[PDB]
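Next up: just one chain, as structure tokens, the form deposited in one PDB entry.
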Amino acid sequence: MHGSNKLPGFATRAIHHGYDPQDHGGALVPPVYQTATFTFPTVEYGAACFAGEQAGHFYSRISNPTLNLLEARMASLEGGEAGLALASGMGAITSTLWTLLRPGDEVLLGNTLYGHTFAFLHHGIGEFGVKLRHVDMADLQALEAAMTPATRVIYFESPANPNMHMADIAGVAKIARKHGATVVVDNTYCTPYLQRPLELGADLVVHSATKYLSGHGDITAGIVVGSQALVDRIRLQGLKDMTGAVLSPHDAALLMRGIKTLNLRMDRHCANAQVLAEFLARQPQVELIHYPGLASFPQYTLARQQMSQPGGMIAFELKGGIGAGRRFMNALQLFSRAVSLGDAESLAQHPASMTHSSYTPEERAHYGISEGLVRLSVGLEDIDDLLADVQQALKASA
């Protein structure tokens, strides 16, 4: 009944948006433009592609048809005007912030960040005269209080890596509308399938597409989505001049392949993580567990409000300290010991004996890392196998 102005469903757009086989000789899958350069029919047509007249292509670092399809598709999924594809999540983050900030500007930051994002801010751009301040983005009164006339960007992850701390994106956007700041949200953990910060009033979203968007752990990639004006600026300054973080057309095509199953994969990641999280909460050895789908989650209602499903990531604390975590990790036979997330393969990290092993018990405390803490990226394996693996690894941790 209801006519042709209806938005196609998410799965339909993830598979089809922006591509009609009739435009490429009937190829069902778009051909891969693995070409660095594009030629011009005449010297004037070439002039126009550099002088902003002619729609077209000239050099793959600036723009490429395979990348453009990926970009338009991601834009559709996030409810944004425009997309940009980059060589990594760090490429997306750095290209964005290098574009938007200059000496004397302030950036307001979420209290916890991905480690390399933190390092970029504190040891990179923050050493070039950009002022940094961290604020708890879940405390809208504190955020309001931290706004200064120099605040140019508000940047955060929700949920945040690795503690799953959340912010009310719409609440932040409302503050930013009143004051003027540009809001940038790292939406890696949720993907557009679970949360769409642009639809809640954020200006820009960034992704490590290396994670769930790819889904298969075989590419490194970044995405930015936002307004045409901001994404164009990031493309033509951040990417073109300031980072050179160009995505391979081969990898862009793999990313698109992954996006075709994004809904199905996220459904399974979330279903598996919910079962594991409920199981873990009932085990003798587990002292504490943080999963957005449990009512014990400190920001349960904000998670329910913003996220359509509670995600594939679990954090928990074992009784018995670092010795328990070490024995837990070494006992794992199906979960892999590794960094990253959003792969088909289930992954685990025990930061006390892995990423933060060089520190002592005191230093891990002020960062906020328990000696029995472990982060799980719950994969796509049979839940009974994952339960069996965690169950036997808990037995070895005792």
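Note that residue numbering follows the sequence shown and begins at 1. Only the largest set of C-alpha atoms that superpose within 1.5 Å between the two forms is called the rigid core.
Below, we turn to the form deposited in another entry, even though it does not appear here.
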**OP:** Tell which of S340, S357, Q34, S336, after superposing on the rigid core, has its C-alpha displaced by 2 Å or more between the shown form and the other one, please.
**Re:** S357
Original post:
Superposing on the rigid core, do we see a C-alpha displacement of 2 Å or more at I369 between the shown form and the other one?
Top reply: yes
**OP:** Return yes or no for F50: a CA shift of at least 2 Å between the shown form and the other one, with the rigid core superposed?
**Re:** no
**OP:** Take the rigid core as the frame of reference and indicate whether the C-alpha of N68 shifts by 2 Å or more between the shown form and the other one.
**Re:** no
Original post:
Between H57 and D20, does the Cα distance in the other entry come out closer or farther than in this form, changing by 3 Å or more?
Top reply: farther
Original post:
Versus the form shown, are the CA atoms of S358 and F120 closer or farther apart in the other entry, given a shift of 3 angstroms or more?
Top reply: closer
